[PDB]
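Coming up is one lone chain in structure tokens, specifically the form deposited in one PDB entry.
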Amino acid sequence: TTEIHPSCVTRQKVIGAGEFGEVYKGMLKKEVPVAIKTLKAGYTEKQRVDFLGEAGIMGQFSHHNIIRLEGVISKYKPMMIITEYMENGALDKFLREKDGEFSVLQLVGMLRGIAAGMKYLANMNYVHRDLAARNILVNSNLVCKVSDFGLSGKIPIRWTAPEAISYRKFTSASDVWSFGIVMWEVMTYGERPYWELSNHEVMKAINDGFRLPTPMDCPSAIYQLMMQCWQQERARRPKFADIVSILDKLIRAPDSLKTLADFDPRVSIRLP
């Protein structure tokens, strides 16, 4: 963590909400665009511990696929966490606003980058607990950076592994389940997992053995990989090292992605 003087920061627009403050877009001194989370007067001891703890963990991460911390303001009030800014925004909204605009290889490359960031976090003994496309930022090189904006607080049942829902067992292996959901989010351009099923219906379907069907136009290898992320038995899921290795090999032999999984049509259209 670098300590930044408040005279170097200008808050411009509110872009979100913090636990005890606001999240802004701004400029950091030529100027550089930044995102800024503040801790406002009246914060509790616990909030200060969590806020500066968050800053400390982010300063420890140095990876291509993890959001970069520019610095912290801790010596003056209000306190601030300052990161790089991504004009393309969060991955879920990005894909939904750009439906069908990318190649299969571009989509799989986004997944490889997300997996590499997650392998790094898991190796550093950091369990994310809220991996979803809404918590991934996209830069102007299409590079995805794992982030955590806090709960949307809506609990993300349909991204969470059964053991984490059932008995609060959050590990890198429950993050692997979440990663499989993110794979499905990417390959569908941001569709809502399980569509209109309620949270209870999703849990019931998973316990009964159902799994999300293949996205349209999805490489067979990619659907196979996401399905193995959704094994009920935690020990049977791939580790992030396995996921990175597979995605890297598929990208480097790109003909491997041309074999597509069968898509199950809901609608039959008959014509001559």
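The term rigid core refers to the most C-alpha atoms you can superpose between the two forms while keeping them within 1.5 Å. Note that residue numbering begins at 1 and tracks the sequence as displayed.
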{"item": "No coordinates for residue 155 in a third or more of the other PDB entries", "value": "yes"}
{"item": "Residue 30 coordinate gap across at least a third of other entries", "value": "yes"}
{"item": "Missing residues, deposited sequence, between residue 29 and residue 30 (class: none, 1 to 3, 4 to 9, 10 or more)", "value": "4 to 9"}
{"item": "Continuity check for residue 103 and residue 104, given as deposited residues lacking coordinates between them", "value": "none"}
{"item": "Stretch with the greater mean C-alpha B-factor as recorded in the entry, comparing 39-47 against 208-216", "value": "39-47"}
{"item": "Of 124-132 and 82-90, the one with larger mean CA B-factor", "value": "82-90"}
{"item": "Residue with highest C-alpha B-factor in the PDB entry, from 168, 98, 75, 119", "value": "75"}
{"item": "Chain-relative CA temperature factor third for residue 152", "value": "highest"}
{"item": "Chain thirds of CA B-factor: placement of residue 242", "value": "lowest"}
{"item": "Cα B factor band for residue 225 (lowest, middle or highest third within the chain)", "value": "middle"}
{"item": "Third of the chain, ranked by Cα B-factor, where residue 231 sits", "value": "middle"}
{"item": "Ranked against its chain, the third holding the CA B-factor of residue 62", "value": "middle"}
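Not pictured, yet referred to below: the form deposited in another entry.
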| item | value |
| --- | --- |
| Mobile residue between this form and the one not shown, C-alpha criterion 2 Å or more, rigid core, from 52, 203, 221, 216 | 52 |
| Residue shift check between this form and the one not shown, rigid core fit, residue 253 Cα at least 2 Å | no |
| Residue 67: Cα shift of 2 Å or greater between this form and the one not shown (core-aligned) | no |
| Large Cα shift (2 Å or above) at residue 240 between this form and the one not shown, core-fitted | no |
